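The structure appears right after this line, and notes come after that.
What follows is calculated from the coordinates using simple rules that are stated; it is not laboratory data. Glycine also receives a Cβ, built like all others from the backbone with ideal geometry; neighbour counts cover every protein chain displayed.
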Amino acid sequence: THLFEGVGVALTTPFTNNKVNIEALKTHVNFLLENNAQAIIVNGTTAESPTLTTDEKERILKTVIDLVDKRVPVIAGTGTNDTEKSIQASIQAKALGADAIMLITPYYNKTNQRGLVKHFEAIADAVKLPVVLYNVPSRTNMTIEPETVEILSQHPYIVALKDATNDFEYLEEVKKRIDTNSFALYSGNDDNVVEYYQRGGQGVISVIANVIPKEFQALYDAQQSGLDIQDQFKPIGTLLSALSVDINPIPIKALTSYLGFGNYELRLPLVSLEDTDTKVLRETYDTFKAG
Amino acid sequence: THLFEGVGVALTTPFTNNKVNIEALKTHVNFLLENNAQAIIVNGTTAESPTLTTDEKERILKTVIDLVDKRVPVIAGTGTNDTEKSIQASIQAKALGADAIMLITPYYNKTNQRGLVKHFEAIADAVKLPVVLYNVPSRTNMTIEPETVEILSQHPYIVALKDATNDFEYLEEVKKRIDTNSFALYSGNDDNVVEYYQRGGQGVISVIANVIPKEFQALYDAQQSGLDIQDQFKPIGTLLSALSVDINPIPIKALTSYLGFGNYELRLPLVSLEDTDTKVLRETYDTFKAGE
C-alpha cells in the first residue's frame with residue numbers, strides 16, 4: 001500500500017542559542033500529530049540537515065521516533081551525496097526504529113542516470129526498509145528522469161517519490177510509467193498542491209505544515225472527497241507568497257519560532273530574516289489565522 | 001601579488017581497487033610539476049572529495065604538500081555547504097601546510113548573499129590563509145553576485161575567485177568592481193579560456209590539465225606574449241568536446257588512468273564510462289597527442 005496519504009511535515013529543527021532544543025521538538029511533533037499530520041519527515045533541508053552533526057541527527061531521530069510511538073510513519077532523511085555514508089546513516093536509522101528512509105539524489109558531485117540507479121539500489125538493498133526517493137532539481141541540479149523512476153519503482157523497497165520538480169509535464173510522464181497503487185507521488189512544493197492533487201498525487205511533504213498542519217491536511221481531505229479547492233486554497237497561497245521572501249527554511253523558521261518552537265535562529269551558512277521581514281511574515285501569518 | 005598565474009590543476013584522485021594509490025598520487029604530481037603546472041588544487045570535485053573519508057583527504061593533502069615542497073602553491077579545497085565543518089577542515093589544512101584554501105559557495109541548502117558573506121568571512125577569519133572563492137552555479141544553483149564579490153575582496157585573506165559561471169557579462173561586471181592586480185580571476189571552465197584570457201583573467205583552474213598540463217599552460221603563455229590562441233585552441237577544443245560525454249570527473253579519469261595514474265575507477269554515486277565510450281575518449285586523446 002502507501003506509507004501515508006495527504007500531508008507529511010518536512011520537520012524543522014528548533015534551536016536555542018544554536019543548540020537543538022528537545023523540549024521544543026517534542027512539543028512541535030505533538031502539536032503536528034494533534035493537528036493531523038500523516039507523517040513526520042525528519043532531517044531533510046527544512047531541518048537544516050546539511051549543518052546538523054551526526055549526533056544531533058541521531059538525537060533528533062530517536063526523540064521523534066520514541067515520542068511518535070508508532071502513531072504515524074516516521075521517515076528519516078538519510079541519503080547524502082556519498083553512497084557509503086548513505087548506507088551507514090540508513091542502517092543506523094533502521095536500527096533506531098525509522099519506518100522509512102528518504103534519499104535525495106546526489107548533488108554537488110551529481111551523477112548520471114545509471115549512477116543514480118546504482119546509488120539508490122545499493123542503499124535500498126542494504127537497508128531493506130521502505131525508501132522514498134527525493135527529487136529536487138533546484139537544489140541538486142540533476143533529476144531522476146521518468147524512465148529512471150520506472151526502473152527504480154520496480155525495486156521492492158523503493159515505494160515513493162517526493163517530486164519537487166514543480167513540472168507537470170514530468171508528473172504526467174511519471175504517472176504513465178508507474179503504478180500508483182504501489183508507488184506514491186508526493187508533491188515537494190506546497191504551492192502546487194491544488195494541481196498536484198487534481199492530477200492524482202498521493203499528497204505532499206510540506207514546509208508550511210510546520211505551522212498550519214490542520215488546515216493544510218484539511219485542504220487535502222476536501223479534494224480527496226470530491227470538492228474543489230482552487231479558491232479555498234487562496235488564503236493559504238497568500239501566506240505561501242509571503243514565505244517566498246527567502247530560501248527555505250529561512251522564512252518558515254520565523255513562524256515556528258513565533259509559535260514557540262525554538263528561537264528564530266538558523267545555522268550558518270543560513271541566516272535569519274532581518275527584523276522588518278520577520279515582522280511582516282509573522283503578521284501575514286496572524287492575518288491568515290484570523291479568517 | 002597573486003598566488004599563481006596561468007594554469008592550476010584541479011587534481012584528480014588515483015584509485016587502485018578502491019584505495020587511494022599514494023605512489024600514483026606522487027607520480028602524477030611530479031608529472032604536473034614537470035609540465036609547468038602553476039598550482040595544484042587538492043580535494044575538489046575533480047578529486048571526488050564528496051566520497052572521500054576524512055582520513056583519505058588528509059593522507060592525500062599531506063602527500064601533495066610534502067612532495068610539492070613549496071614549489072607551487074598547494075590549495076586545499078576545504079569549503080562545504082557547512083560553515084562550522086568548513087572552518088575545522090580549513091584549520092586542519094593550514095596545520096598540514098597548505099598555502100591557500102578553496103571555498104565553494106554552499107549548495108543543496110544554498111544561502112542568500114548576506115549569508116554568503118558571513119560564511120566566507122567566518123572561515124577566512126578563523127583560518128587566516130589566502131582564500132580562493134569558487135562559484136559554480138551548474139553544481140550549486142546559486143551565485144556570488146558581482147557586488148558580493150566586491151565586498152568579499154575587501155577581506156584581508158580573500159584573494160581570488162575561481163569563476164565557473166561561463167558568463168561574460170558577469171565577468172565584466174566583476175572586473176568593473178574589483179582590482180585584478182590584487183584579486184585574481186581564474187576561469188573554472190576549460191573551454192572558455194580563449195575569451196577568458198583576452199578579457200584579463202589571471203589564469204584557469206583546470207580539469208584537462210590533469211593530462212595535458214604542458215599544452216594548456218603553453219596556450220596561456222602564448223596569448224600572454226601577445227599571440228592569438230583562438231585557432232591554436234581548436235585541437236584542445238576537440239578533446240574537450242569529447243570530455244563533455246559525461247559529468248566531471250567521470251571522463252577525465254578515463255584519461256588519467258590511461259597515463260597510469262591509478263586505474264579507471266570512480267566511487268559511487270559516480271560510475272565510470274561504459275568502456276566503449278572509454279575507448280573513444282582515449283583514442284581522441286591519442287589523436288590530440290599525435291597531431292603534435
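Quick rundown of the values:
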{"quantity": "Filter pass, B:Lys70 being over 12 Å from the mean Cα position of the chain (by Cα), without any contact (Cβ under 8 Å) to a residue 60 or more places away in the chain and within 14 Å of chain A (Cβ to nearest Cβ)", "calculated": "no"}
{"quantity": "Test: residue in region A:5-19 that is within 14 Å of chain B (Cβ to nearest Cβ), within 24 Å of B:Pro269 (Cα to Cα), more than 15 Å from the chain's Cα centre (by Cα) and free of Cβ contacts under 8 Å to residues at least 40 places away in the same chain", "calculated": "no"}
{"quantity": "The lone exception for A:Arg282 - which of (1) away from chain B (no Cβ under 14 Å); (2) surrounded by fewer than 22 Cβ atoms within 10 Å (Cβ to Cβ); (3) assigned to a loop (DSSP other than H, G, I, E, B) it fails", "calculated": "(3)"}
{"quantity": "Candidate set: region A:36-67, residues that are more than 17 Å from the chain's Cα centre (by Cα) and among the basic types (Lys, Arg); chosen: the one farthest from A:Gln217 (Cα to Cα)", "calculated": "A:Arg59"}
{"quantity": "Residue tally, condition part of a helix (DSSP H, G or I), surrounded by fewer than 19 Cβ atoms within 10 Å (Cβ to Cβ) and among the hydroxyl-bearing types (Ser, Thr, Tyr), over region A:256-279", "calculated": "2"}
{"quantity": "Helices (runs of 4 or more DSSP H) wholly inside region B:185-255 that include at least 1 residues being β-branched (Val, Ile, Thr) and surrounded by fewer than 23 Cβ atoms within 10 Å (Cβ to Cβ)", "calculated": "B:193-198, B:234-243"}
{"quantity": "Residue list for region A:137-188, restricted to those being hydroxyl-bearing (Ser, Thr, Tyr) and more than 19 Å from A:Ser206 (Cβ to Cβ)", "calculated": "A:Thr140, A:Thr143, A:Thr148, A:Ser153, A:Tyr157, A:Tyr170, A:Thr180, A:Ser182"}
{"quantity": "Qualifying residue in region A:227-248 (condition: more than 30 Å from A:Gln154 (Cβ to Cβ), in contact (Cβ under 8 Å) with a residue 60 or more places away in the chain and not acidic (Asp, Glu))", "calculated": "yes"}
{"quantity": "Residue that is nearest to the other protein chains (Cβ to nearest Cβ), among those in region A:252-274 that are free of Cβ contacts under 8 Å to residues at least 40 places away in the same chain and within 19 Å of B:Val117 (Cα to Cα)", "calculated": "A:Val271"}
{"quantity": "Residue that is surrounded by the most Cβ atoms within 10 Å (Cβ to Cβ), among those in region A:122-147 that are more than 19 Å from A:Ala76 (Cα to Cα) and out of contact with any strand residue (DSSP E or B) (no Cβ under 9 Å at 6 or more places or on another chain)", "calculated": "A:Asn141"}
{"quantity": "Qualifying positions in region B:140-164 - more than 14 Å from chain A (Cβ to nearest Cβ), closer than 27 Å to B:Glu215 by Cβ and of a type outside the set (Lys, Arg)", "calculated": "B:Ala160, B:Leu161, B:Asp163"}
{"quantity": "Scan of region B:1-52 for residues that are in a strand (DSSP E or B) and hydrophobic (A, V, I, L, M, F, W, C), ordered by number", "calculated": "B:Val7, B:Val9, B:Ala10, B:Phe15, B:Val20, B:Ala39, B:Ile40, B:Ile41, B:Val42"}
{"quantity": "Scope region A:11-52; condition surrounded by fewer than 18 Cβ atoms within 10 Å (Cβ to Cβ), closer than 18 Å to A:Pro251 by Cα and touching a helix residue (DSSP H, G or I) at 6+ places or on another chain (Cβ under 9 Å); matching residues", "calculated": "A:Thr16"}
{"quantity": "Within region A:86-121, considering residues that are in contact with a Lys or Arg (Cβ under 9 Å, 6 or more places away or on another chain) and over 26 Å from A:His2 (Cβ atoms), the one surrounded by the fewest Cβ atoms within 10 Å (Cβ to Cβ)", "calculated": "A:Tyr108"}
{"quantity": "Considering residues of region A:73-92 that are in contact with a helix residue (DSSP H, G or I) (Cβ under 7 Å, 6 or more places away or on another chain) and of a type in the set (A, V, I, L, M, F, W, C) only, the residue farthest from the other protein chains (Cβ to nearest Cβ)", "calculated": "A:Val74"}
